[PDB]
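Asker: A single structure is presented below for examination.
Each reported figure results from applying straightforward, stated rules to the coordinates on display, with no laboratory input. In this analysis, Cβ positions are derived from the backbone assuming ideal geometry, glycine residues included, and neighbour counts consider all displayed protein chains.
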RNA sequence: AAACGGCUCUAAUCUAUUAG
DNA sequence: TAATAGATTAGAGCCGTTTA
Ligand SMILES: [Mg+2]
């Protein structure tokens, strides 16, 4: 009481899987080679022993293979044995294959047309071996069969895996955040973003991590300043939220610290010999051509060429302190014509970025980002941000590591 | 620019399920960039293409493609710029186990230019609409109201929600933010982090990977490296794990598409769709409230 | 070195109560929940638009293959998946022969005139927008 | 506008401060 | 009113179709 489906396996896998799963759904014991995970002895034994019908797929590739042809031949031998005219039912699917060029052993057989409306063909199949007396539907059997073979090859496995993030932690912070009462030594029209070291104008003060005499070369009114006026706050209390006074609120001073971090990163990369591109909300920092050995760091290429343009891996970094003091970076691709001059129009930049990211993937992005970050490190495992003469901001070379108990097998 | 939005808006009064199909979609091969391949290359996705269209054609024709697998209404509200307009999308399960997903419409207008929040009266009106819809579809009040949005709920509007919600009903407000710069890579394989992993930063805030590598799909739902969505339980009491489970469940109901899952929860996406549809044209009294007239 | 919590994939139900993770595969094996009997397609567009819609509808009737058939399942065909007829020979066609407002209004009043006046029922109107 | 994504661009608001 | 930030938010458009 088995329905046998014979087919060209790689070509007709999809049709065979669909039809077999449906037929198991309606409640018909179906035997197929792709339904089972020598074998030929079993194939012949089931063709000869208890199969009721023998459905043969008749695609353009289903009549030119020795295997399908000779399982069809043995099926015909069985058909003559049973003294039953209703044994072999062709299932023609291919539009390019006409009712000519069909195999001689099956040409006389009344096929079931699947060329149009596969559902109509399956309906013909069902109303055919309904009154042909071929032996309660249970579609859960079809679902289980789908899960057992077509699904178990790729599913959720309890496998430990390790992930590299884009969050590069801040190793250490300057001990004291200092506000300087620069009442007249700082002109009110001066841009403190132009200062060689990060500084913010909060409450008429100069919110900065630097000492009181760093801003000297460009701001020569500031010497002879009494250091007692400046207010210094322990950065640990700021980060932990302990320091929340009427002078400054905790969120505000954390925001000032973050702005100092961002400005420090910006001016450090200004001194790190990396070119800048004005993003929508930030700055993208990338490498020109010819600035890396074979245009690569270690063994990871950061700058390359595609369709007459030069693509450059670039990074845009900001600082946040909610989960931990950490710099989050964003990976971008910046396109140039000759590698030295930036492309003026942004539509071509966006189109080329999409085209390049079409073929870039997890491993490529991760290795390029890690290569960039480690290329910004003067230390073996740290990046320096110059916020003060005696104070620096340390960014870990290795980003936050993560791990997972459940993962997937990687086919490549 | 606004052809589809205006057309869908002007069909709302006389309820007519309409699907706009571009010629460049149905027969993409004919239209060519005049120097090479067609302007839209659908060859790799033809079946998928057909899939989506068929599902859409099966949805707007009054067919239900797939359900979800109680007592909790998930309501995503999204604000559209015009004055700002808040539009909701509600989904829940009734006694018949046939998930009800229609979406609450009749956008509530905040006069403020950039206050992506609801005045107390508008918040009470929206929550009353949603709660009464639950009561009418289930003959009893819901056990929980799961509000999620792309914006954080203020104290005033959440307090209004609390006054207007009935007793023995817990309501939770979640800020679901996309494009959070946390690109979590994979160091051993060449393929991205698989879909479903979550980074619990805190008992109330976390990162969820509603998109990424799928084992069953044997590839990634997102190109390049997936961008996780930040799920923050801004208001109310709820387990972060149950919240992330609910968000992953919501990422399955995108009847507008035939895709394994989408990056953001479906309720927010459909609230955004109906919000664009409403704000396209003039005000419509008692809008149809069913997605097939907007999506 | 942080714990990453795993959230099990939620199952979306399909016909006959069977649940599958992939909507497409669940549709192919089981099919949708409610059995609408068919789609009385309505088309609002030009002659070439109607021809394009009819040709693509007939293409939908037959199976259509993705390039990579494991990462995105095949399409068994509309009747194969959904169990309802959406043939292109039962189509209700409305011929089309500030600027956004007028262009919207043309397809609009065609649709209301057909929904109000025409005897034939249309379950969903497929506005084939020209390009 | 089949759709989902990645990206790019722009704008606004809320906070804290400084100059009108 | 203007400015400098961070944090949130919203709008568009635009390319590719998810490494077998
Ligand atoms: Mg759609």
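Asker: To the nearest whole percent, what portion of all C-alpha pairs in region B:169-289 is separated by more than 18 angstrom?
Answerer: That fraction is 57 percent.
Asker: If you don't mind, another one. Would you mind calculating the gained length between residue A:204 and residue A:355 on full extension (0.36 nm times residue separation, minus the Cα-Cα distance), in nm to one decimal?
Answerer: Taking residue A:204 through residue A:355 to full extension adds about 49.5 nm, to one decimal.
Asker: Another one. Round to the nearest 0.05 the FRET efficiency obtained for residue B:168 and residue A:221 when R0 = 56 Å and r is the Cβ-Cβ distance.
Answerer: Calculated value: 0.25.
Asker: What are the principal axis extents of the Cα atoms in chain A, in Å, biggest first?
Answerer: Its Cα atoms span 116, 50, 37 Å along the three principal axes.
Asker: Then there is this: Once you place label points 7 Å from the Cα toward the Cβ at residue A:307 and residue A:101, how far apart are they in nm?
Answerer: It is 3.7 nm.
Asker: Please arrange A:201, A:108, A:268 by counting, for each residue, the other beta carbons lying within 10 Å of its beta carbon, fewest first.
Answerer: A:108, A:201, A:268
Asker: Need one value for A:338-350: mean number of C-beta atoms belonging to other chains within 10 Å of its residues' C-beta atoms.
Answerer: Per residue, the number of nearby Cβ atoms from other chains is 0 on average.
Asker: Sort B:24, A:345, A:396 by Cβ crowding within 10 Å, fewest neighbours at the top.
Answerer: Going from sparsest to densest Cβ surroundings: A:345, B:24, A:396.
Asker: By count of other Cβ within 10 Å, fewest leading, how are A:361, C:125 ordered?
Answerer: A:361, C:125
Asker: So in the protein assembly as shown, what percent of DSSP beta bridges are antiparallel if you round to the nearest 5?
Answerer: 65 percent
Asker: Using R₀ = 51 Å, calculate the FRET efficiency as 1/(1 + (r/R₀)^6) where r is the Cβ-Cβ separation of residue A:45 and residue B:113; round to 0.05.
Answerer: Calculated value: 0.05.
Asker: Output the Kirkwood hydrodynamic radius of the protein assembly as shown, Cα pairs only, in Å rounded to one decimal.
Answerer: The answer is 30.9 Å.
Asker: Here's another thing I want to ask about it. Would you mind pulling out the separation of the Cα centroids of region B:181-197 and region A:19-39, in Å?
Answerer: Cα centroid to Cα centroid, the span is 37 Å.
Asker: Out of the DSSP beta bridges found with both residues in chain B, what percent are antiparallel (nearest 5)?
Answerer: 70 percent
Asker: So what's the gap between the Cα centers of region A:313-357 and region C:57-84, to the nearest angstrom?
Answerer: So the two Cα centres are separated by 39 Å.
Asker: Mind ordering A:51-57, B:186-192 by average Cβ neighbours within 10 Å, highest first?
Answerer: The peptides rank, most packed first, as A:51-57, B:186-192.
Asker: If you split all Cα-Cα distances of region A:257-412 into 5 Å bins from zero, what percentages do you get per bin, shortest first?
Answerer: Histogramming region A:257-412 at 5 Å steps yields 2, 8, 17, 21, 19, 15, 11, 6, 2, 0, 0 percent.
Asker: Another one. Compute the label zone of residue B:179 within region B:121-165: residues whose backbone N is under 19 Å from the point 7 Å along Cα-to-Cβ.
Answerer: B:149-152
Asker: Same structure, new question: Based on DSSP H runs of at least 4 residues, each adding -39500 (n - 2.57), what is the mean residue ellipticity at 222 nm of chain C after dividing by all its residues, to the nearest 500 deg cm²/dmol?
Answerer: That comes out to -10500 deg cm²/dmol.
Asker: Also, quick follow-up: If you count, for every residue in A:264-275, the Cβ atoms of partner chains within 10 Å of its Cβ, what is the mean?
Answerer: The mean count of partner-chain Cβ atoms within 10 Å per residue comes to 0.
Asker: Take residue A:374 and residue B:121, extend 7 Å from each Cα along the Cα→Cβ direction, and tell me the distance between the two endpoints in nm.
Answerer: 6.3 nm
Asker: Chain C: D in µm²/s via Stokes-Einstein (Kirkwood Rh, Cα pairs, 37 °C, 0.692 mPa s)?
Answerer: Rounded to a whole number, D works out at 186 µm²/s.
Asker: Kindly list the residues of region C:48-80 that lie in the label zone of residue B:43, defined by a backbone N under 11 Å from the point 7 Å along the Cα-to-C-beta vector.
Answerer: Correct set: C:67.
Asker: What does the structure give for A:322-331 when I average, per residue, the other chain Cβ atoms found within 10 Å of the residue Cβ?
Answerer: 3
Asker: Jot down the per residue volume, in cubic angstrom and as a whole number, of the convex hull over the alpha-carbon atoms of region A:338-412.
Answerer: Spelled out: Cα convex hull of region A:338-412, divided by residues, is 202 Å³.
Asker: If you take every DSSP beta bridge whose two residues both sit in chain A, what share of them, in percent to the nearest 5, is antiparallel?
Answerer: Once the DSSP bridges in chain A are tallied, antiparallel ones form about 80 percent.
Asker: Can you list the residues of region C:12-34 with backbone N under 17 Å from a point 7 Å past the Cα of residue B:94, pointing along Cα to Cβ?
Answerer: C:33-34
Asker: Here's something else I'd like to know. Rounded if a/c is under 1.5, else prolate if a/b beats b/c, else oblate: with a ≥ b ≥ c from the C-alpha gyration tensor eigenvalues square-rooted, which is chain B?
Answerer: Judged from the Cα gyration tensor, chain B comes out oblate (a/c at least 1.5, b/c at or above a/b).
Asker: Between residue A:244 and residue C:8, what is the label-to-label distance in nm when each label sits 7 Å out along the Cα-to-Cβ direction?
Answerer: 4.0 nm
Asker: Taking 35 Å as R0, compute the FRET efficiency from the Cβ-Cβ separation of residue B:33 and residue A:282 and round it to 0.05.
Answerer: For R0 = 35 Å, the calculated efficiency reads 0.55.
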